[PDB]
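Scroll down for the structure; my scribbles are underneath it.
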Amino acid sequence: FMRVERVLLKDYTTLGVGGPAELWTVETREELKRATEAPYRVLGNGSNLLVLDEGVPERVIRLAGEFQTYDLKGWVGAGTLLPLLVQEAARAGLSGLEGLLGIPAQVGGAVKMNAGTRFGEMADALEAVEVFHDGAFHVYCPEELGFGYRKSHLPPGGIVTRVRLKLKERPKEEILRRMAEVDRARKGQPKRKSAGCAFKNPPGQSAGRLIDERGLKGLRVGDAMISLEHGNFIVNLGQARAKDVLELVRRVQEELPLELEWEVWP
Ligand SMILES: Cc1cc2nc3c(=O)[nH]c(=O)nc-3n(C[C@H](O)[C@H](O)[C@H](O)COP(=O)(O)OP(=O)(O)OC[C@H]3O[C@@H](n4cnc5c(N)ncnc54)[C@H](O)[C@@H]3O)c2cc1C
Ligand SMILES: C=C(O[C@H]1[C@H](O)[C@@H](CO)O[C@H](OP(=O)(O)OP(=O)(O)OC[C@H]2O[C@@H](n3ccc(=O)[nH]c3=O)[C@H](O)[C@@H]2O)[C@@H]1NC(C)=O)C(=O)O
C-alpha cells in the first residue's frame with residue numbers, strides 16, 4: 001500500500017525543472033520488491049539531475065520509511081540526507097564526513113555519484129553498502145563498486161538501500177574546525193536553485209574558471225542563467241524550462257569541450 005502519484009519532477013529537483021513522472025514512495029523492503037517489478041529509476045534528493053520537460057515514463061522510486069532511519073555507529077538508510085549525517089557526525093564526535101559538507105545529497109545519490117570535494121569523497125567514508133538488484137539485497141564493500149571521479153559501477157539496476165559508514169572518534173571542536181575549512185573553500189559558490197556544477201572538471205583544471213575566462217558568466221536563455229558567482233553553476237531564476245537549460249549547456253559547449261556532470265532524464 002505504498003503511495004504512488006503523478007508529480008512534476010521540477011518540484012523534486014534542486015534545479016527546479018522537470019516534467020511529469022509516476023512517483024513511488026517506498027517505505028519497506030517488501031515495498032521495494034514490488035515497486036521494482038517494472039522498469040524504474042531511483043530519485044534521491046534530485047541535486048544532480050536535469051529532468052527534461054517531457055518527464056520520464058518509468059516508475060520513479062524514492063526511498064522513505066525504513067530507508068530514512070539511521071545509526072551513525074550502525075546502518076544508515078540510503079534515503080537519509082547527507083547534510084544531516086555530516087552534522088550528526090560532528091555532534092557525536094565522529095570524524096570522516098567533514099569533506100562532504102555542502103553536498104545536498106541523499107546517501108544513495110552520494111554513493112551513486114561518489115560525491116566529494118577536494119577534502120574527501122563518499123567512497124572514503126564507506127565500510128559496507130547494501131544494494132538491491134535482481135530482486136534481492138546484497139552487501140558489498142566499497143572496493144567492489146568501481147568508484148572513481150563522480151563515478152560508480154553499481155550492479156545493473158542497483159538501488160543503494162543502506163550503508164555502514166567509516167568514522168573515527170575525534171574531539172568535536174577539531175571536527176568543526178575541519179568543517180569550517182570546507183565552508184571557507186565553498187564560499188564562492190551560489191546557494192540558489194541549481195544542480196551544483198553542470199560540467200565535470202577536465203583533470204588539470206576548473207570548468208568554472210574556464211567558463212569565467214571565456215566571459216560566459218551572466219549569459220541567459222529564458223530563466224536559465226550561467227551564475228555571476230561561479231561559472232560552473234547554471235541557476236534557475238524562477239520558471240526555467242529544461243529546454244532553456246539545455247540551450248545554455250550547448251552554448252557553453254560551442255566554446256569549450258566540456259562534458260556534463262549532471263545526469264539527464266530521460
Ligand atoms: C548546491 C549543490 C552543491 C553540490 N556540491 C557538490 C559537491 O561538492 N560534490 C559533488 O560531488 N556533488 C555536488 N553536488 C551534486 C550532487 O549533490 C551530487 O551528485 C549528489 O551525490 C547527488 O545526490 P542526490 O541524492 O541528489 O541524487 P539525485 O540527483 O537524485 O540522483 C543522481 C543519480 O543517483 C541515482 N540515485 C539516487 N539515489 C540512489 C539510490 N538510492 N540507489 C542507486 N542510485 C541512486 C539517480 O538514479 C541518479 O543516477 C552539488 C549539488 C548542488 C545542488
Ligand atoms: C559543486 C560541485 O563540486 C565542486 C566542489 O564543491 C568544489 C570543492 O572541492 O570543487 C570543484 O569545483 P571547482 O573545481 O570549480 O572548485 P572551486 O574551488 O569552486 O574553484 C576553483 C578555482 O576556480 C576559481 N573560480 C571559480 C569559479 C569561477 O567562475 N571563476 C573562478 O575564478 C575559484 O576562485 C577557485 O580558485 C567541484 N566540482 C568538480 C567537478 O569537482 C559539484 O560537483 O556539483
Side-chain angles (χ1 to χ4, degrees), residues 9 12-16 18 26 32 36 40-51 56 58 60-64 67-68 77-83 99-123 129-133 145 149-152 154-163 181-218 226-236 258-265:
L9 290 171
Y12 292 84
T13 58
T14 57
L15 187 54
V26 164
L32 187 56
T36 57
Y40 60 86
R41 305 171 180 263
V42 184
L43 175 65
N45 202 42
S47 71
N48 195 229
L49 291 184
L50 168 54
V51 184
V56 298
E58 300 83 12
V60 178
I61 293 172
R62 35 141 59 156
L63 302 179
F67 303 104
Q68 273 177 130
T80 308
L81 283 166
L82 189 59
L100 309 176
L101 182 69
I103 304 172
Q106 279 183 19
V107 165
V111 174
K112 179 81 177 177
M113 300 307 304
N114 193 20
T117 64
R118 66 176 64 81
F119 304 95
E121 64 184 34
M122 187 73 248
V129 180
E130 184 180 81
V131 179
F132 178 87
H133 65 96
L145 300 181
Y149 169 76
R150 301 299 187 258
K151 206 72 150 277
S152 66
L154 299 182
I159 304 181
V160 174
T161 48
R162 264 163 223 102
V163 303
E181 181 55 33
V182 184
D183 228 57
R184 188 206 66 87
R186 303 189 73 116
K187 216 277 301 155
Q189 296 182 11
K191 308 156 164 279
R192 311 212 141 169
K193 284 189 178 199
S194 87
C197 281
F199 302 99
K200 40 177 48 76
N201 285 335
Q205 307 146 24
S206 168
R209 200 184 314 121
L210 296 181
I211 293 164
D212 194 345
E213 188 272 305
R214 295 310 183 78
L216 304 177
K217 298 168 92 177
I226 303 176
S227 163
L228 298 166
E229 307 175 67
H230 193 299
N232 209 2
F233 281 70
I234 287 165
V235 300
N236 184 172
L258 290 172
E259 293 298 317
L260 277 183
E261 171 174 312
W262 294 337
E263 257 252 307
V264 172
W265 282 13

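Atoms within each ligand, like the ligands themselves, are counted from 1 in listed order. Computation of the quantities below employed the complete heavy-atom set of this structure, encompassing side-chain atoms and omitting hydrogens, waters and symmetry-equivalent molecules. Sequential numbering from 1 along the given sequence is applied to the chain's residues.
- Among protein heavy atoms, the minimum distance from atom 22 (C) of ligand 1 is reached at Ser47 OG, 3.3 Å.
- Residue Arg118 approaches ligand 2 through these ligand atoms, each under 4.0 Å from one of its heavy atoms: 8 (C), 9 (O), 16 (O), 17 (P), 18 (O).
- Near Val160, meaning under 4.0 Å from one of its heavy atoms, ligand 1 places the atoms 40 (C), 41 (N), 42 (N), 43 (C).
- Close approach of ligand 1 to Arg186 (heavy-atom distance below 4.0 Å) involves ligand atoms 3 (C), 4 (C), 5 (N), 6 (C), 7 (C), 8 (O).
- Checking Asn48, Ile103, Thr117 against atom 13 (C) of ligand 1, the nearest heavy atom belongs to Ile103.
- Close contacts between ligand 1 and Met113 involve ligand atoms 19 (O), 21 (O) [criterion: under 4.0 Å to a heavy atom].
- Taking every non-hydrogen atom of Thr117 and a distance limit under 4.0 Å, the qualifying atoms of ligand 2 come out as 9 (O).
- For atom 23 (O) of ligand 2, the protein comes within 4.0 Å by at least one heavy atom.
- Among the atoms of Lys200, none of the N or O lies under 3.5 angstrom from an N or O of ligand 2.
- Contact annotation for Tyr149 and ligand 2: only side-chain heavy atoms (C-beta onward) come within less than 4.0 Å of the ligand.
- Within ligand 1, the atoms closer than 4.0 Å to a non-hydrogen atom of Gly116 are 7 (C), 8 (O), 9 (N), 10 (C), 11 (O), numbered from 1 in the order shown.
- Taking every heavy atom of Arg186 and a limit of under 4.0 angstrom, the matching atoms of ligand 2 come to 1 (C), 6 (O).
- The nearest protein heavy atom to atom 38 (N) of ligand 2 is closer than 4.0 Å.
- Set against the non-hydrogen atoms of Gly196, the atoms of ligand 2 under 4.0 Å away are 44 (O).
- In this structure, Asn232 has no heavy atom closer than 4.0 Å to ligand 2.
- Remark: ligand 1 and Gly46 share an N or O pair separated by less than 3.5 Å (distance only, no angle test).
- Counting only heavy atoms, the protein gets under 4.0 Å from atom 32 (O) of ligand 2.
- Counting heavy-atom neighbours within 6.0 Å of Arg41 CZ, excluding the residue itself, gives a total above 12.
- Looking only at protein heavy atoms, the nearest one to atom 53 (C) of ligand 1 is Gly196 N, 3.3 Å.
- Short contacts between ligand 1 and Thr14, defined as distances under 4.0 Å to a heavy atom of the residue, involve ligand atoms 53 (C).
- At a 3.5 angstrom cut-off on N or O pairs, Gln189 does not count as close to ligand 1.
- Judged purely by atom type and a 3.5 angstrom limit, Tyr149 uses its side chain to pair as donor or acceptor with the backbone of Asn201.
- Below 4.0 Å from some heavy atom of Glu261 lie the following atoms of ligand 2, by number and element: 40 (C), 42 (C), 43 (O), 44 (O).
- In this structure, the protein non-hydrogen atom closest to atom 13 (P) of ligand 2 is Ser206 OG, 3.7 Å.
- Ligand 1 places these atoms under 4.0 Å from at least one heavy atom of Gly158: 43 (C).
- The shortest N or O to N or O distance between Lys112 and ligand 1 is not under 3.5 Å.
- When each atom of ligand 1 is checked for a heavy atom of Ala110 under 4.0 Å away, the hits are 21 (O), 23 (O).
- Among all protein heavy atoms, the one lying closest to atom 50 (C) of ligand 1 is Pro104 CD, 3.7 Å.
- Annotation: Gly44 places an N or O atom under 3.5 Å from an N or O atom of ligand 1; distance criterion only.
- Looking at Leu154 next to ligand 1, no N or O pair under 3.5 Å apart turns up.
- For atom 35 (C) of ligand 2, the protein comes within 4.0 Å by no heavy atom at all.
- When each atom of ligand 2 is checked for a heavy atom of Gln189 under 4.0 Å away, the hits are 1 (C), 5 (C), 6 (O), 7 (C).
- Between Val42 and ligand 1, an N or O atom pair is found at a separation short of 3.5 Å.
- Considering each of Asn45, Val235, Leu49, the one bringing a non-hydrogen atom nearest atom 24 (P) of ligand 1 is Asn45.
- Heavy-atom proximity to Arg150, at under 4.0 Å, picks out these atoms of ligand 1: 9 (N), 10 (C), 11 (O).
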